[PDB]
Each structure stands twice: as C-alpha cells, then as structure tokens.
Amino acid sequence: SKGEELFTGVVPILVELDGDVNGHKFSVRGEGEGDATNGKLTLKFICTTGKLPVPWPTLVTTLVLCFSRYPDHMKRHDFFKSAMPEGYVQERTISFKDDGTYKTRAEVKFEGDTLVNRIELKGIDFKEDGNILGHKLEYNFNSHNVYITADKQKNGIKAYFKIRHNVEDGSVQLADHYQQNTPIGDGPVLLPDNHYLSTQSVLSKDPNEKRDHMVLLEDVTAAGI
C-alpha cells in the first residue's frame, strides 16, 4: 500500500499519554524520530504533571509498532504501516502478576508530517507497597517477542506477549499484555499471517534534564516467516 511508502524516511514522532493509576493522575509527552527501515526509535519522554507515580518501564510498551523493521520477505504482513495514514487504534490490557492491571486505548495516526500516539491509561488495584506503586523496578528493559495474529472478525490483529520487568531485589515482575489493533480507516489493510516482533530497548537519562523523564532507544524487527 501507499502506507508502507511513508516510513522509508526518518519520521518524527509525538506521544501523549494521560493516565490515572489508583487515583494518581499524570501526563507524559514524548518527542523523537523513527527510522522504520532499521526498526529504530529514539524518543525522550517527560512527565509534565510532575514526578511520575509509576516506574517508567511500565509505560514503555504503552509508549508505535508501525516503526518495526519488516524484512522484505515479510512486507506483506505489516498491518501497522498498511493502516497508515488513516491510522489504527491500539487497545491493550496489561495484567501485572500479583499486582494491578493497566487498561490502555490509543490512536496512532499521522497528523501532518508527524506520527502521533495519543493514549489514555487507567490503572486499577495496584498494591501500595507493590513493585509498581512502591517503585521497586529497575530502570531497564529486556528483550521480548510480540506474538501477532490476524483478526478477520474485526479486520485487524491481536497480539500477546509477557514483559519481564527486572525488580531491585533480583525477582521479576511479570506483565501479560493482551493487545488488539483495529484500523481507523476503511481503506484496505494487510491482515497478516502469524509472526512475531523481536523487540529490544534501552532506557537512559538526559543528564541536563531536571524534569522526570525517560530517554528511549528501541529496535524492533519482524520474524517468524
């Protein structure tokens, strides 16, 4: 589709998240760029509302898969790009083993030259001294496979994966991610065959930044076919 043609460049990225976790309200803005042919993202996020009440890693997944590097032999399966520039909706339930659950709804569309991920997030039943609300998570991310399958019934895709969040005490916080993507546009969309995305990410700080923030470098590539 004409959609894929849009990511052959470095595209600029905007991310806006409004969030309420156990009554704690917060907002996050991120700006950066996405070189989709290499699957690379370089973004900086800020908590505009003050100190972010959950640890930054929990938001990484919620904080644009269109920028995944889909090998040539798999380009027929890049639903994400194919739904552009019309855009797509990304709902996700995130259950943290032995802790609360996140419900996210997001719109991922081009606005002008920029790709924008706008997100609402509610979080319920998080333990006050739990790994999340007790800021017990290490400031790092692991490597994951995002398992994608087509959803003929809703003309989109579903996806499941399990994030491993390292914990300060040497344990692991698990988070089962249940994900649904449906196109905003009525335009034709490449419902893909089963495959997965090998994700990798690095979390860092801008040493001059005084605001609560997170610098992110992700590298997402498709495989499985």
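- Listed as the method for this PDB entry is X-ray crystallography; the listed resolution is 3.20 Å.

### Considering the environment of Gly30
Thinking step 1. Turning to its location among the elements, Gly30 is positioned in strand β2 (residues 24-35).
Thinking step 2. Note on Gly30: relative accessible area 0%, which makes it buried.
Thinking step 3. Counting along the chain gives 13 residues from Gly30 to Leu17, while the straight-line C-alpha distance between them is 8.7 Å.
Thinking step 4. Contacts of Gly30, omitting those with residues within four sequence positions, involve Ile13, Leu14, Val15, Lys44 and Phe45.

### Thoughts on the packing of aromatic side chains
Thinking step 1. If you walk through the whole model with that rule in mind, you get ten aromatic pairs.
Thinking step 2. Seen in terms of ring centroids, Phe7 and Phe67 are 5.4 Å apart; in terms of plane orientation they differ by 80°. Their pairing is edge-to-face.
Thinking step 3. Relative to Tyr88, the ring of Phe79 has its centre 5.9 Å away and its plane inclined at 50°; by these criteria the two rings are tilted. Both residues of the pair, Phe79 and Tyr88, count as buried.

### Examining the pairing of strand β4 (residues 88-96)
Thinking step 1. Of the two faces of β4, the one holding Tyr88, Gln90, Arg92, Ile94 and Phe96 is buried and the one holding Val89, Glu91, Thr93 and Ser95 is not buried anywhere.
Thinking step 2. As judged from the eight bridges shared by β4 and strand β5 (residues 101-111), these two strands associate in the antiparallel manner. Bridged to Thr93 within β5 is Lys103.
Thinking step 3. Taken together, β4 and the strand that follows it, β5, pair antiparallel across an intervening segment of four residues, in which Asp98 is found at a positive phi of about 70°.
Thinking step 4. Bridge count for β4 against strand β9 (residues 172-183) is nine bridges, and the pairing is antiparallel. Bridge assignment links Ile94 to a residue of β9, and that residue is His177.

Conventions used here
- Residues numbered from 1 in each chain as written, not as in the entry; some residues may be left out.
- Heavy atoms only, no water.
- Residues with missing side-chain atoms left out of burial classes, pairs and counts.
- Helix = DSSP H or I, 4+ residues; strand = E, 2+ residues; numbered from the N terminus.
- Buried < 20%, exposed > 50% of the residue type's maximum accessible area, 1.4 Å probe, protein only.
- Contact = heavy atoms within 4.5 Å.
- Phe/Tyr/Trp six-rings, centres within 6.5 Å; stacked < 30°, edge-to-face > 60°.
- Pairing = 2+ DSSP bridges.

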